[PDB]
>>> print(open('model.txt').read())   # compact mmCIF, C-alpha atoms and all ligand atoms
# COMPACT_ATOMS: atom_id res chain seq x y z
CA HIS A 12 -27.41 7.46 9.57
CA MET A 13 -23.78 7.89 10.71
CA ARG A 14 -21.74 9.92 13.19
CA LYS A 15 -18.52 11.79 12.58
CA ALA A 16 -15.52 10.17 14.22
CA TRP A 17 -11.84 10.74 14.64
CA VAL A 18 -8.74 8.97 15.76
CA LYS A 19 -8.42 9.48 19.50
CA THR A 20 -5.43 7.17 19.99
CA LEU A 21 -3.63 4.23 18.58
CA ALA A 22 -3.32 2.03 21.56
CA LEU A 23 -1.68 -1.35 22.03
CA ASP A 24 -3.69 -4.32 23.21
CA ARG A 25 -0.96 -5.67 25.49
CA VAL A 26 -2.85 -8.95 25.80
CA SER A 27 -2.93 -9.70 22.07
CA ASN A 28 0.09 -7.43 21.56
CA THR A 29 -1.80 -5.81 18.76
CA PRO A 30 -2.56 -2.20 17.81
CA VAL A 31 -6.07 -0.85 18.54
CA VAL A 32 -7.47 2.24 16.93
CA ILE A 33 -9.71 4.17 19.32
CA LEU A 34 -12.14 6.24 17.33
CA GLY A 35 -13.84 9.10 19.12
CA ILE A 36 -17.52 9.43 18.17
CA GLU A 37 -18.67 13.01 17.77
CA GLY A 38 -21.83 13.67 19.73
CA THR A 39 -20.97 11.14 22.46
CA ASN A 40 -18.48 10.20 25.16
CA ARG A 41 -18.15 6.74 23.61
CA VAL A 42 -15.38 5.43 21.43
CA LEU A 43 -15.26 2.55 18.96
CA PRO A 44 -12.14 0.36 19.22
CA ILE A 45 -10.85 -1.29 16.06
CA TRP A 46 -8.11 -3.93 16.16
CA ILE A 47 -5.71 -3.77 13.23
CA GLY A 48 -2.55 -5.70 12.20
CA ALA A 49 1.02 -4.70 13.18
CA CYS A 50 1.96 -3.31 9.75
CA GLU A 51 -1.30 -1.42 9.57
CA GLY A 52 -0.70 0.07 13.00
CA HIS A 53 2.80 1.14 11.99
CA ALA A 54 1.51 2.85 8.92
CA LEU A 55 -1.18 4.61 10.99
CA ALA A 56 1.32 5.48 13.73
CA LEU A 57 3.47 7.15 11.01
CA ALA A 58 0.47 8.88 9.38
CA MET A 59 -0.62 10.36 12.72
CA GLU A 60 2.89 11.74 13.28
CA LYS A 61 2.34 13.74 10.03
CA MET A 62 6.04 13.93 9.41
CA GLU A 63 8.22 14.09 6.35
CA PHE A 64 9.82 11.03 4.74
CA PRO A 65 12.04 11.29 1.74
CA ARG A 66 10.28 8.38 -0.01
CA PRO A 67 6.55 7.70 -0.52
CA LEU A 68 5.10 4.91 1.58
CA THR A 69 2.23 2.79 0.28
CA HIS A 70 -0.64 5.03 1.32
CA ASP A 71 1.27 8.00 -0.01
CA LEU A 72 1.60 6.25 -3.33
CA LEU A 73 -2.18 5.55 -3.26
CA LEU A 74 -2.74 9.22 -2.69
CA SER A 75 -0.39 10.11 -5.52
CA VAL A 76 -2.29 7.73 -7.78
CA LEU A 77 -5.57 9.54 -6.87
CA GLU A 78 -3.98 12.92 -7.48
CA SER A 79 -2.70 11.89 -10.84
CA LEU A 80 -6.15 10.70 -11.89
CA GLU A 81 -7.74 13.94 -10.64
CA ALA A 82 -9.45 12.50 -7.62
CA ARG A 83 -9.15 12.67 -3.84
CA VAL A 84 -10.32 11.06 -0.65
CA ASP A 85 -13.74 12.52 0.11
CA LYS A 86 -14.54 10.69 3.32
CA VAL A 87 -14.30 7.32 4.93
CA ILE A 88 -17.16 5.27 6.40
CA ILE A 89 -16.91 2.41 8.88
CA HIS A 90 -20.27 0.90 8.32
CA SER A 91 -20.56 -2.82 9.10
CA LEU A 92 -19.27 -5.59 11.33
CA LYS A 93 -19.55 -9.28 10.61
CA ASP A 94 -17.48 -12.16 12.06
CA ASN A 95 -15.10 -9.86 13.88
CA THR A 96 -14.53 -7.75 10.78
CA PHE A 97 -15.46 -4.13 10.32
CA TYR A 98 -16.27 -3.15 6.76
CA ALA A 99 -15.32 0.30 5.52
CA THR A 100 -15.96 2.38 2.44
CA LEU A 101 -13.39 4.68 0.97
CA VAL A 102 -15.42 7.30 -0.73
CA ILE A 103 -13.40 8.92 -3.50
CA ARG A 104 -14.31 12.19 -5.22
CA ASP A 105 -13.75 12.45 -8.96
CA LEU A 106 -12.59 16.03 -9.39
CA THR A 107 -13.53 16.11 -13.11
CA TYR A 108 -16.90 16.96 -11.54
CA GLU A 114 -22.41 16.82 -9.30
CA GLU A 115 -22.44 14.85 -6.00
CA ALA A 116 -22.80 11.70 -8.15
CA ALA A 117 -19.05 12.25 -8.80
CA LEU A 118 -18.38 10.26 -5.64
CA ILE A 119 -17.06 6.69 -5.97
CA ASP A 120 -17.42 4.10 -3.20
CA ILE A 121 -14.67 1.60 -2.74
CA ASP A 122 -14.55 -1.41 -0.46
CA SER A 123 -11.78 -0.95 2.10
CA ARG A 124 -10.59 -2.38 5.36
CA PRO A 125 -11.00 0.04 8.28
CA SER A 126 -7.17 0.27 8.69
CA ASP A 127 -6.56 1.55 5.21
CA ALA A 128 -9.50 3.91 5.29
CA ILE A 129 -8.56 5.46 8.62
CA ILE A 130 -4.95 5.85 7.50
CA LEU A 131 -6.09 7.66 4.38
CA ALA A 132 -8.46 9.88 6.34
CA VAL A 133 -5.66 10.70 8.78
CA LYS A 134 -3.31 11.56 5.88
CA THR A 135 -5.77 13.67 3.99
CA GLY A 136 -7.82 15.33 6.72
CA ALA A 137 -10.90 13.74 5.07
CA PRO A 138 -13.79 13.00 7.47
CA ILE A 139 -14.38 9.61 9.11
CA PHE A 140 -17.91 8.44 9.78
CA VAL A 141 -19.19 5.52 11.81
CA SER A 142 -22.65 4.12 11.17
CA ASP A 143 -25.27 4.66 13.91
CA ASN A 144 -25.63 0.92 14.19
CA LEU A 145 -21.94 0.33 15.06
CA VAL A 146 -22.08 3.12 17.64
CA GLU A 147 -25.27 1.75 19.17
CA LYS A 148 -24.03 -1.85 19.30
CA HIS A 149 -20.21 -1.56 19.56
CA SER A 150 -19.11 1.79 20.99
CA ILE A 151 -17.73 1.71 24.50
CA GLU A 152 -17.18 4.16 27.34
CA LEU A 153 -13.70 4.95 28.82
CA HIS B 12 16.96 2.35 -22.03
CA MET B 13 15.96 -0.67 -19.84
CA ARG B 14 15.83 -4.42 -19.28
CA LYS B 15 12.85 -6.57 -18.43
CA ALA B 16 13.09 -8.14 -14.98
CA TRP B 17 11.05 -10.56 -12.86
CA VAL B 18 11.01 -11.45 -9.16
CA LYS B 19 13.26 -14.51 -8.96
CA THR B 20 12.93 -14.84 -5.22
CA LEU B 21 11.93 -13.10 -1.98
CA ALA B 22 13.78 -14.19 1.14
CA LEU B 23 15.04 -13.08 4.58
CA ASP B 24 18.71 -12.24 4.35
CA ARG B 25 20.31 -15.09 6.40
CA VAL B 26 22.31 -12.60 8.55
CA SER B 27 20.22 -9.46 8.91
CA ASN B 28 16.97 -11.59 8.80
CA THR B 29 15.30 -8.97 6.72
CA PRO B 30 13.70 -9.28 3.29
CA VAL B 31 15.56 -9.06 0.03
CA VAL B 32 13.93 -9.27 -3.40
CA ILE B 33 16.24 -10.90 -6.00
CA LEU B 34 15.19 -9.62 -9.40
CA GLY B 35 16.34 -11.58 -12.43
CA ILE B 36 17.31 -9.60 -15.53
CA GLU B 37 15.79 -11.28 -18.55
CA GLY B 38 18.21 -12.05 -21.37
CA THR B 39 21.03 -12.47 -18.82
CA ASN B 40 22.43 -14.47 -15.92
CA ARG B 41 22.43 -11.35 -13.80
CA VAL B 42 20.37 -10.48 -10.76
CA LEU B 43 19.61 -7.32 -8.83
CA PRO B 44 19.06 -7.68 -5.07
CA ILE B 45 16.79 -5.04 -3.42
CA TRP B 46 16.41 -4.99 0.38
CA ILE B 47 12.94 -4.02 1.60
CA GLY B 48 11.12 -3.60 4.94
CA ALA B 49 9.42 -6.31 6.97
CA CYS B 50 5.95 -5.08 6.11
CA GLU B 51 6.74 -4.61 2.41
CA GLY B 52 8.27 -8.12 2.33
CA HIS B 53 5.13 -9.64 3.88
CA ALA B 54 2.93 -7.78 1.35
CA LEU B 55 5.13 -9.04 -1.48
CA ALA B 56 5.07 -12.60 -0.15
CA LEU B 57 1.29 -12.57 -0.03
CA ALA B 58 1.23 -11.22 -3.58
CA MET B 59 3.78 -13.74 -4.84
CA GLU B 60 1.69 -16.55 -3.31
CA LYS B 61 -1.29 -15.04 -5.12
CA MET B 62 -2.93 -15.29 -1.74
CA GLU B 63 -6.76 -15.01 -1.91
CA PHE B 64 -8.26 -12.89 0.92
CA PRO B 65 -11.76 -11.93 1.87
CA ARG B 66 -10.72 -8.32 2.52
CA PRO B 67 -8.67 -5.95 0.36
CA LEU B 68 -5.15 -5.37 1.63
CA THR B 69 -3.50 -2.00 0.92
CA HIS B 70 -2.22 -2.82 -2.51
CA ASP B 71 -5.49 -4.30 -3.48
CA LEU B 72 -7.17 -1.10 -2.40
CA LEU B 73 -4.80 0.85 -4.58
CA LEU B 74 -5.57 -1.34 -7.56
CA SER B 75 -9.31 -0.93 -6.97
CA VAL B 76 -8.83 2.83 -6.93
CA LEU B 77 -7.05 2.53 -10.26
CA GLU B 78 -9.90 0.46 -11.66
CA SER B 79 -12.56 2.86 -10.34
CA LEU B 80 -10.76 5.71 -12.07
CA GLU B 81 -10.41 3.75 -15.36
CA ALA B 82 -6.70 3.16 -15.16
CA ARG B 83 -4.35 0.24 -14.86
CA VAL B 84 -0.76 -0.44 -13.94
CA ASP B 85 1.19 -0.36 -17.19
CA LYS B 86 4.67 -1.19 -16.00
CA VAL B 87 7.12 -0.49 -13.28
CA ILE B 88 10.72 0.76 -13.64
CA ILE B 89 13.56 0.52 -11.09
CA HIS B 90 15.70 3.31 -12.47
CA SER B 91 18.16 4.83 -10.00
CA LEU B 92 20.21 4.32 -6.89
CA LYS B 93 21.12 7.10 -4.46
CA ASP B 94 22.74 6.56 -1.03
CA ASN B 95 21.57 2.98 -0.65
CA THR B 96 18.08 3.85 -1.97
CA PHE B 97 16.59 2.50 -5.18
CA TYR B 98 14.10 4.80 -6.90
CA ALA B 99 11.23 3.52 -9.02
CA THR B 100 8.48 4.72 -11.29
CA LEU B 101 4.95 3.36 -11.28
CA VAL B 102 3.64 3.87 -14.79
CA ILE B 103 -0.15 4.05 -14.83
CA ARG B 104 -2.20 3.95 -17.97
CA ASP B 105 -5.29 6.13 -18.18
CA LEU B 106 -7.73 3.98 -20.08
CA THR B 107 -10.19 6.86 -20.96
CA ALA B 116 1.10 9.15 -23.91
CA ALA B 117 -1.93 8.64 -21.68
CA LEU B 118 0.76 7.15 -19.43
CA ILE B 119 1.52 8.58 -15.98
CA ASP B 120 4.84 8.33 -14.17
CA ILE B 121 4.50 8.16 -10.41
CA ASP B 122 7.44 8.06 -8.07
CA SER B 123 7.43 4.81 -6.12
CA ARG B 124 9.52 2.81 -3.76
CA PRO B 125 10.76 -0.38 -5.46
CA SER B 126 8.87 -2.45 -2.87
CA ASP B 127 5.49 -1.01 -3.75
CA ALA B 128 6.12 -1.04 -7.45
CA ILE B 129 7.32 -4.60 -7.50
CA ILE B 130 4.25 -5.61 -5.40
CA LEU B 131 1.91 -3.91 -7.85
CA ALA B 132 3.65 -5.55 -10.82
CA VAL B 133 3.46 -8.97 -9.24
CA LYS B 134 -0.26 -8.51 -8.52
CA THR B 135 -1.25 -7.19 -11.92
CA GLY B 136 1.17 -9.01 -14.16
CA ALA B 137 2.57 -5.67 -15.35
CA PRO B 138 6.22 -5.90 -16.50
CA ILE B 139 9.10 -4.82 -14.26
CA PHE B 140 11.98 -2.97 -16.02
CA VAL B 141 15.41 -2.15 -14.64
CA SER B 142 17.47 0.58 -16.23
CA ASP B 143 20.71 -0.30 -17.94
CA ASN B 144 22.62 1.86 -15.49
CA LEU B 145 21.36 -0.20 -12.54
CA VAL B 146 22.09 -3.44 -14.36
CA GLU B 147 25.51 -2.36 -15.52
CA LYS B 148 26.51 -0.89 -12.17
CA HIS B 149 24.67 -2.97 -9.56
CA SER B 150 23.49 -6.32 -10.87
CA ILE B 151 25.63 -9.38 -10.33
CA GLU B 152 26.26 -12.17 -12.78
CA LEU B 153 25.68 -15.56 -11.21
CA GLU B 154 27.61 -18.74 -11.75
CA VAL B 155 25.54 -21.93 -11.32
CA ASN B 156 27.41 -22.55 -8.04
CA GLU B 157 26.11 -19.19 -6.72
CA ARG B 158 22.53 -19.94 -8.04
CA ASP B 159 22.52 -23.24 -6.16
CA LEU B 160 23.47 -21.34 -2.94
CA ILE B 161 20.41 -19.15 -3.35
CA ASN B 162 18.11 -22.04 -4.38
CL CL A 201 -8.13 -3.42 9.01
CL CL A 202 11.42 -0.11 -0.93
>>> encode(input="model.txt", output="structure tokens")
Amino acid sequence: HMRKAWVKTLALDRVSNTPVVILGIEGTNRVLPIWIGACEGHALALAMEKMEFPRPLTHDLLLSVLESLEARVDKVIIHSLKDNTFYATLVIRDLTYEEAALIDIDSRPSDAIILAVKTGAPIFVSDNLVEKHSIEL
Amino acid sequence: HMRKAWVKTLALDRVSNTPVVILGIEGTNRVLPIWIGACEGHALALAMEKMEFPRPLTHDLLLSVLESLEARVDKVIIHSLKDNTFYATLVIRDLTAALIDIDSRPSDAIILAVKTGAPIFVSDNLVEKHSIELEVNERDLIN
């Protein structure tokens, strides 16, 4: 009931001067745009550069917390939209082990995408969001 | 070892107009200023305000991950300074020495302490070498 997606670009909405994630939807030529805050966009911009920093930023520290508790990002789902807000699930995998070892966590789309970018974990978008909110470019 | 601290104040430096966290060192009249980024300062402000939001911000997400994995923030330690950089430890307690030391920036660790109520500690080296002892005249200037 959901399509694989990826970060195509992090654009700027020069009208609202705000960052816009453009998710590609696999199986389509449509994209789903998601508006995020400035600090979120900066963190995603840095994550997508995939470069080395001498000190852990917040999402890095999240990922270190997961690692320490023998878990990892399994996937990310952008599933719902109400009142201009997309709702995401960070699906975490408990590595103490069999598929019921997945934990769903409420997340904003920004945080989820950033963690998926950092980890290589898959992003999914629900059919319904694609049907109703994906766009052509 | 180390001294208990609390966030006395978060403000924009009145010259560089960037955030500085003044930590108070309990049991003293000393404070430790730590300069942080614009985004970290906003996150800390929201946390200090105990701002209630419909959606989880990044630090909230981290704390829900902790909770999901049966763990809590235990305490936070600002322990070293190297080339203008403070180094911290996020100490996590596995609720299932079940304590875990995780390297942190001071910003993140102070944010997570403020949100959870976990104690902030500063090492005696930092206090001895970097804290400053305020006179009332200097506290009034900050206030
Ligand atoms: Cl978001
Ligand atoms: Cl910092």
>>> atom_distance(input="model.txt", atom1="atom CA of residue A:99", atom2="atom CA of residue A:121")
8.4 Å
>>> interface_residues(input="model.txt", of="chain A", to="chain B", cutoff="9 Å", atoms="all atoms listed in the file", output="list in words")
residues 49, 50, 51, 66, 67, 68, 69, 70, 72, 73, 74, 75, 76, 77, 79, 80, 81, 82, 98, 103, 105, 119, 120, 121, 122, 123, 124, 126 and 127 of chain A
>>> atom_distance(input="model.txt", atom1="atom CA of residue B:88", atom2="atom CA of residue B:125")
8.3 Å
>>> closest_residue(input="model.txt", among="B:31, B:43, B:152, B:161", to="ligand CL 202 (chain A)", atoms="all atoms listed in the file")
B:31
>>> closest_residue(input="model.txt", among="B:138, B:30, B:35, B:48", to="ligand CL 202 (chain A)", atoms="all atoms listed in the file")
B:48
>>> residues_near_point(input="model.txt", point="(11.0, 5.5, -12.6)", cutoff="6 Å", atoms="all atoms listed in the file", output="list in words")
residues 88, 89, 90, 99 and 100 of chain B
>>> write_last_selection(input="model.txt", atoms="C-alpha atoms", output="compact mmCIF listing (two decimals), in the coordinates of the input")
# COMPACT_ATOMS: atom_id res chain seq x y z
CA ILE B 88 10.72 0.76 -13.64
CA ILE B 89 13.56 0.52 -11.09
CA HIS B 90 15.70 3.31 -12.47
CA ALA B 99 11.23 3.52 -9.02
CA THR B 100 8.48 4.72 -11.29
>>> atom_distance(input="model.txt", atom1="atom CA of residue A:28", atom2="atom CA of residue A:55")
16.1 Å
>>> residues_around(input="model.txt", residues="residue A:53", least_positions_apart="5", cutoff="10 Å", atoms="all atoms listed in the file", output="ChimeraX atom specification")
/A:21,30,47-48,58-59 /B:50
>>> closest_residue(input="model.txt", among="B:14, B:23, B:139, B:65", to="ligand CL 201 (chain A)", atoms="only C-alpha atoms and all ligand atoms")
B:65
>>> residues_near_point(input="model.txt", point="(-1.1, -13.9, -5.0)", cutoff="12 Å", atoms="all atoms listed in the file", output="PyMOL selection string")
chain B and resi 53-64+68+70-71+130-136
>>> closest_residue(input="model.txt", among="A:97, A:65, A:20, A:85", to="ligand CL 202 (chain A)", atoms="all atoms listed in the file")
A:65
>>> residues_around(input="model.txt", residues="residue A:46", least_positions_apart="3", cutoff="8 Å", atoms="only C-alpha atoms", output="list in words")
residues 29, 30, 31 and 32 of chain A
>>> decode(input="model.txt", residues="stretch 49-77 of chain B", atoms="N, CA, C and O atoms", output="PDB file, in the first residue's frame")
ATOM      1  N   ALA B  49      22.603  28.546  15.859  1.00  0.00           N
ATOM      2  CA  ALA B  49      21.297  29.144  15.802  1.00  0.00           C
ATOM      3  C   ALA B  49      20.227  28.083  15.962  1.00  0.00           C
ATOM      4  O   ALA B  49      19.400  28.165  16.837  1.00  0.00           O
ATOM      5  N   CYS B  50      20.284  27.046  15.162  1.00  0.00           N
ATOM      6  CA  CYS B  50      19.345  25.943  15.317  1.00  0.00           C
ATOM      7  C   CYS B  50      19.363  25.248  16.646  1.00  0.00           C
ATOM      8  O   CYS B  50      18.311  24.858  17.115  1.00  0.00           O
ATOM      9  N   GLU B  51      20.534  25.042  17.250  1.00  0.00           N
ATOM     10  CA  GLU B  51      20.596  24.383  18.562  1.00  0.00           C
ATOM     11  C   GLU B  51      19.981  25.319  19.611  1.00  0.00           C
ATOM     12  O   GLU B  51      19.256  24.884  20.487  1.00  0.00           O
ATOM     13  N   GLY B  52      20.254  26.606  19.492  1.00  0.00           N
ATOM     14  CA  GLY B  52      19.716  27.614  20.418  1.00  0.00           C
ATOM     15  C   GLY B  52      18.204  27.686  20.364  1.00  0.00           C
ATOM     16  O   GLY B  52      17.558  27.749  21.385  1.00  0.00           O
ATOM     17  N   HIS B  53      17.633  27.663  19.166  1.00  0.00           N
ATOM     18  CA  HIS B  53      16.163  27.582  19.008  1.00  0.00           C
ATOM     19  C   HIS B  53      15.574  26.318  19.651  1.00  0.00           C
ATOM     20  O   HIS B  53      14.576  26.393  20.345  1.00  0.00           O
ATOM     21  N   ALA B  54      16.206  25.179  19.442  1.00  0.00           N
ATOM     22  CA  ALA B  54      15.757  23.901  20.016  1.00  0.00           C
ATOM     23  C   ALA B  54      15.819  23.966  21.532  1.00  0.00           C
ATOM     24  O   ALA B  54      14.940  23.487  22.220  1.00  0.00           O
ATOM     25  N   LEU B  55      16.874  24.585  22.059  1.00  0.00           N
ATOM     26  CA  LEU B  55      17.019  24.722  23.506  1.00  0.00           C
ATOM     27  C   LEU B  55      16.010  25.701  24.066  1.00  0.00           C
ATOM     28  O   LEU B  55      15.504  25.488  25.122  1.00  0.00           O
ATOM     29  N   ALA B  56      15.745  26.782  23.362  1.00  0.00           N
ATOM     30  CA  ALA B  56      14.713  27.728  23.792  1.00  0.00           C
ATOM     31  C   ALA B  56      13.369  27.019  23.939  1.00  0.00           C
ATOM     32  O   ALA B  56      12.661  27.169  24.946  1.00  0.00           O
ATOM     33  N   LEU B  57      12.992  26.296  22.889  1.00  0.00           N
ATOM     34  CA  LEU B  57      11.710  25.621  22.877  1.00  0.00           C
ATOM     35  C   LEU B  57      11.627  24.703  24.070  1.00  0.00           C
ATOM     36  O   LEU B  57      10.612  24.674  24.757  1.00  0.00           O
ATOM     37  N   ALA B  58      12.733  24.008  24.340  1.00  0.00           N
ATOM     38  CA  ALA B  58      12.791  23.045  25.440  1.00  0.00           C
ATOM     39  C   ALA B  58      12.715  23.781  26.784  1.00  0.00           C
ATOM     40  O   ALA B  58      12.034  23.361  27.705  1.00  0.00           O
ATOM     41  N   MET B  59      13.455  24.874  26.910  1.00  0.00           N
ATOM     42  CA  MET B  59      13.426  25.643  28.142  1.00  0.00           C
ATOM     43  C   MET B  59      12.028  26.200  28.444  1.00  0.00           C
ATOM     44  O   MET B  59      11.611  26.277  29.603  1.00  0.00           O
ATOM     45  N   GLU B  60      11.315  26.578  27.394  1.00  0.00           N
ATOM     46  CA  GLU B  60       9.950  27.078  27.516  1.00  0.00           C
ATOM     47  C   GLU B  60       8.983  25.968  27.859  1.00  0.00           C
ATOM     48  O   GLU B  60       7.866  26.233  28.270  1.00  0.00           O
ATOM     49  N   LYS B  61       9.442  24.732  27.686  1.00  0.00           N
ATOM     50  CA  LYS B  61       8.647  23.525  27.860  1.00  0.00           C
ATOM     51  C   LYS B  61       7.463  23.660  26.922  1.00  0.00           C
ATOM     52  O   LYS B  61       6.333  23.430  27.248  1.00  0.00           O
ATOM     53  N   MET B  62       7.815  24.030  25.702  1.00  0.00           N
ATOM     54  CA  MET B  62       6.881  24.307  24.622  1.00  0.00           C
ATOM     55  C   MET B  62       6.132  23.027  24.219  1.00  0.00           C
ATOM     56  O   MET B  62       6.782  22.030  23.896  1.00  0.00           O
ATOM     57  N   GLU B  63       4.801  23.042  24.248  1.00  0.00           N
ATOM     58  CA  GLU B  63       4.014  21.864  23.844  1.00  0.00           C
ATOM     59  C   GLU B  63       3.670  21.932  22.356  1.00  0.00           C
ATOM     60  O   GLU B  63       3.061  22.911  21.902  1.00  0.00           O
ATOM     61  N   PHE B  64       4.058  20.900  21.606  1.00  0.00           N
ATOM     62  CA  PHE B  64       3.838  20.860  20.148  1.00  0.00           C
ATOM     63  C   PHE B  64       3.126  19.634  19.707  1.00  0.00           C
ATOM     64  O   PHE B  64       3.431  18.561  20.193  1.00  0.00           O
ATOM     65  N   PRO B  65       2.261  19.774  18.707  1.00  0.00           N
ATOM     66  CA  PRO B  65       1.537  18.642  18.163  1.00  0.00           C
ATOM     67  C   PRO B  65       2.428  17.587  17.543  1.00  0.00           C
ATOM     68  O   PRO B  65       2.082  16.402  17.609  1.00  0.00           O
ATOM     69  N   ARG B  66       3.557  17.995  16.948  1.00  0.00           N
ATOM     70  CA  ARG B  66       4.469  17.059  16.311  1.00  0.00           C
ATOM     71  C   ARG B  66       5.810  16.986  17.033  1.00  0.00           C
ATOM     72  O   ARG B  66       6.309  17.984  17.533  1.00  0.00           O
ATOM     73  N   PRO B  67       6.404  15.801  17.056  1.00  0.00           N
ATOM     74  CA  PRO B  67       7.720  15.614  17.671  1.00  0.00           C
ATOM     75  C   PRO B  67       8.794  16.354  16.929  1.00  0.00           C
ATOM     76  O   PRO B  67       8.946  16.143  15.742  1.00  0.00           O
ATOM     77  N   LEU B  68       9.552  17.207  17.625  1.00  0.00           N
ATOM     78  CA  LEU B  68      10.747  17.792  17.060  1.00  0.00           C
ATOM     79  C   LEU B  68      11.855  16.781  17.237  1.00  0.00           C
ATOM     80  O   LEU B  68      11.596  15.714  17.740  1.00  0.00           O
ATOM     81  N   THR B  69      13.072  17.086  16.790  1.00  0.00           N
ATOM     82  CA  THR B  69      14.141  16.095  16.637  1.00  0.00           C
ATOM     83  C   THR B  69      14.522  15.502  17.949  1.00  0.00           C
ATOM     84  O   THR B  69      14.751  14.305  18.055  1.00  0.00           O
ATOM     85  N   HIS B  70      14.577  16.338  18.983  1.00  0.00           N
ATOM     86  CA  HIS B  70      14.979  15.822  20.283  1.00  0.00           C
ATOM     87  C   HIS B  70      13.904  15.016  20.895  1.00  0.00           C
ATOM     88  O   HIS B  70      14.181  14.057  21.569  1.00  0.00           O
ATOM     89  N   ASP B  71      12.658  15.387  20.647  1.00  0.00           N
ATOM     90  CA  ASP B  71      11.582  14.538  21.067  1.00  0.00           C
ATOM     91  C   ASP B  71      11.622  13.167  20.440  1.00  0.00           C
ATOM     92  O   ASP B  71      11.238  12.191  21.084  1.00  0.00           O
ATOM     93  N   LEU B  72      11.981  13.119  19.159  1.00  0.00           N
ATOM     94  CA  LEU B  72      12.065  11.883  18.423  1.00  0.00           C
ATOM     95  C   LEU B  72      13.139  11.039  19.057  1.00  0.00           C
ATOM     96  O   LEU B  72      12.968   9.847  19.235  1.00  0.00           O
ATOM     97  N   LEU B  73      14.251  11.651  19.408  1.00  0.00           N
ATOM     98  CA  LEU B  73      15.316  10.889  20.047  1.00  0.00           C
ATOM     99  C   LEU B  73      14.831  10.322  21.341  1.00  0.00           C
ATOM    100  O   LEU B  73      15.143   9.200  21.676  1.00  0.00           O
ATOM    101  N   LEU B  74      14.101  11.105  22.122  1.00  0.00           N
ATOM    102  CA  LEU B  74      13.662  10.601  23.426  1.00  0.00           C
ATOM    103  C   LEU B  74      12.643   9.524  23.208  1.00  0.00           C
ATOM    104  O   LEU B  74      12.606   8.552  23.973  1.00  0.00           O
ATOM    105  N   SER B  75      11.830   9.606  22.164  1.00  0.00           N
ATOM    106  CA  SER B  75      10.876   8.456  21.946  1.00  0.00           C
ATOM    107  C   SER B  75      11.573   7.201  21.513  1.00  0.00           C
ATOM    108  O   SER B  75      11.068   6.148  21.717  1.00  0.00           O
ATOM    109  N   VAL B  76      12.686   7.336  20.807  1.00  0.00           N
ATOM    110  CA  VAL B  76      13.512   6.177  20.455  1.00  0.00           C
ATOM    111  C   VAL B  76      14.057   5.520  21.700  1.00  0.00           C
ATOM    112  O   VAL B  76      14.018   4.298  21.844  1.00  0.00           O
ATOM    113  N   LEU B  77      14.544   6.354  22.617  1.00  0.00           N
ATOM    114  CA  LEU B  77      15.048   5.871  23.898  1.00  0.00           C
ATOM    115  C   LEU B  77      13.977   5.053  24.590  1.00  0.00           C
ATOM    116  O   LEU B  77      14.181   3.903  24.940  1.00  0.00           O
TER     117      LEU B  77
END
